[PDB]
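J.: A structural model of the following input is requested.
(chains A, B, C, D and E)
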Amino acid sequence: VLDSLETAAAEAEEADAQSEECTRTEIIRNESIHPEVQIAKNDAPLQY
Amino acid sequence: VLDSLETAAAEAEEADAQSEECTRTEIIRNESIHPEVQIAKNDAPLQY
Amino acid sequence: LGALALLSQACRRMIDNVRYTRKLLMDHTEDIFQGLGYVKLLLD
Amino acid sequence: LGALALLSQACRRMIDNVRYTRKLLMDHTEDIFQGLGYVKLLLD
Amino acid sequence: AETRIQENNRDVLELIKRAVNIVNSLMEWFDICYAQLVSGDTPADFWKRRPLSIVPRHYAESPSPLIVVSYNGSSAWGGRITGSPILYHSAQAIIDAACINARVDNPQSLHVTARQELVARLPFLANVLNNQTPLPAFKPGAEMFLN
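T.: Numbering: from 1, shown residues only, chains lettered A, B, ... in the order given. And now the structure:
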């Protein structure tokens, strides 16, 4: 049980660190760059 | 030690919740704006 | 990871203490049996 | 807080079980000592 | 006491199994056929259907246990049909406490209160304190050298 709790805590902290670094990278970027693809004139491309 | 670990886990939980709230609130602000146009309609342009 | 490592160390030391207590109890019971056998031999 | 309360209850229950086991061991050793004393009295 | 320990251990095992699950990360035909085939009964077959009791008492004089068989269908000594059988208790703890109260094994040199308690608890022991029918020590096997 202690080992399972330790692994759960480790994965939770890893996920929290990943979310924190993703948000930090988003803050550094001027705008939220997201993938786009659309074949038309200057319309709004769809969001993935 | 278990009590200290649980208190540290709780404080980290609320800290990351506050960080997520701050990032969510900061993402909302964009401030893109557009330059001047050649007078909208016929009596009032769209200025700053 | 420090708290988890401390918990694992505590579990290991408590397991070692339980094993040592069991070994001490086994040694005590063996000594009691040997003493009873010696007493029986003295009164044989 | 539910998980923390459950962990605290588990710790309390395991401490109570350890105390009960220690009390049972003490009672067993006392009974063995009393039986040995009675045997010695019967062969006095 | 052994039954209580066993039931406590089984309860502990059951609760451990429950915690693990919650958080992870009928001889009627046989009797008829035996009666048809053997076509003969012996007294040592009716008691085979119920658990028996063995009470061996060996000795160093000869290597042979003294096996004792007790009926299970009756409330005799050793039978278990309605509940707790005869245990022959409540007659040793008081004597041990009286002996250990003054650290003297012999009850003859004990206090008056201890003698009164022993007399009250054991009616058959009141005939020894009065010092009736004197006899040298306690030698049941006196007939041989007496003769």
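J.: from here on, contacts and neighbour counts on C-alpha atoms
T.: OK.
J.: for whatever residue of chain C ends up closest to chain A, pull up the helix or strand it's in.
T.: Residue nearest to chain A within chain C: residue C:4 (5.7 Å; CA to the nearest CA). Here residue C:4 sits within helix C:2-42, counting by DSSP states H and E.
J.: now do that helix: which elements does it pack against?
T.: helix A:2-28 (3 or more CA pairs under 8 Å, 6 or more residues apart in numbering or on different chains; DSSP states H and E).
J.: quote the end-to-end distance of stretch E:72-83.
T.: The straight-line separation of the ends of stretch E:72-83 (CA to CA, to the nearest Å) is 12 Å.
J.: so how far is residue D:11 from the residue of chain C closest to chain A?
T.: Note on residue C:4: its distance to residue D:11, by CA to CA, is 17 Å.
J.: what about the two, which has more around it?
T.: Taking residue C:4 and residue D:11 together and counting by other CA atoms under 10 Å in any protein chain shown, residue C:4 has the greater number of neighbours (19 against 12).
J.: how many neighbouring residues does the residue nearest to the more buried one when sequence neighbours are not counted have?
T.: Spatial nearest neighbour of residue C:4, excluding adjacent residues (CA to CA, 6 or more residues apart in numbering or on different chains): residue A:6 at 5.7 Å. For residue A:6, the tally of surrounding residues (other CA under 10 Å) stands at 18.
J.: likewise for residue E:114?
T.: Other residues lying near residue E:114 total 20 when counted by other CA under 10 Å.
J.: so it sits right up against residue E:97, yeah?
T.: No: between residue E:114 and residue E:97 no contact is recorded; they are 9.6 Å apart, counting by CA atoms under 8 Å.
J.: before we move on, back to that, so what's the residue of chain C closest to chain A up against?
T.: With contact set as CA atoms under 8 Å, 6 or more residues apart in numbering or on different chains, residue C:4 has these partners: A:2-3, A:6.
J.: before we move on, what about residue A:36?
T.: When the contact criterion is CA under 8 Å, 6+ apart, the partners of residue A:36 are A:45-48.
J.: would you turn these into a markdown table with secondary structure?
T.: Conversion of these to a markdown table gives the following (DSSP: H, G, I helix; E, B strand; the rest coil):
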| residue | secondary structure |
| --- | --- |
| A:45 | coil |
| A:46 | strand |
| A:47 | strand |
| A:48 | coil |
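J.: between those residues, which is nearest chain D?
T.: The shortest separation between chain D and any of the contacts of residue A:36 is 37.8 Å, and it belongs to residue A:48 (by CA to the nearest CA).
J.: burial of the closest one, as a residue count?
T.: Other residues within reach of residue A:48 by the criterion other CA under 10 Å amount to 7.
J.: where do the helices sit along chain E?
T.: Along chain E, the segments classed as helices by DSSP state H run E:2-22, E:28-38, E:43-46, E:93-101, E:112-121, E:126-129, E:143-146.
J.: of the ones you listed, which is nearest chain A?
T.: Distance to chain A, taken as CA to the nearest CA, is lowest for helix E:2-22 among the helices of chain E, at 8.6 Å.
J.: got a list of what the spatially most central residue of chain A touches?
T.: Most central in chain A under CA atoms, centre = their mean is residue A:22, positioned 5.1 Å from the mean C-alpha point. Contact partners of residue A:22, counting by CA under 8 Å, 6+ apart, are absent.
J.: enumerate the residues of chain A near chain B.
T.: When proximity is defined by CA under 8 Å from any CA of the partner chain, chain A lies next to chain B at A:16, A:23, A:27, A:31.
J.: the same query, at a cut-off of 7 Å, please.
T.: Taking CA under 7 Å from any CA of the partner chain as the measure of proximity, chain A contacts chain B at residue A:23.
J.: which residue does chain A have closest to chain E?
T.: Of all residues in chain A, the one sitting closest to chain E is residue A:4 (4.9 Å; CA to the nearest CA).
J.: residue with max distance from the center of chain E?
T.: Most peripheral residue of chain E (CA atoms, centre = their mean): residue E:25, 48.0 Å.
J.: surely that one and residue A:6 touch.
T.: No: counting by CA atoms under 7 Å, residue E:25 does not reach residue A:6; the two are 9.6 Å apart.
J.: could you dump the helices of chain E to CSV with distance to residue C:32?
T.: Output for those, formatted as CSV (distance: least, CA to CA, whole Å):
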stretch, distance to residue C:32
helix E:2-22, 22
helix E:28-38, 51
helix E:43-46, 42
helix E:93-101, 21
helix E:112-121, 32
helix E:126-129, 35
helix E:143-146, 38
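J.: and residue E:8, how many residues sit next to it?
T.: For residue E:8, the neighbour count with other CA under 10 Å is 13.
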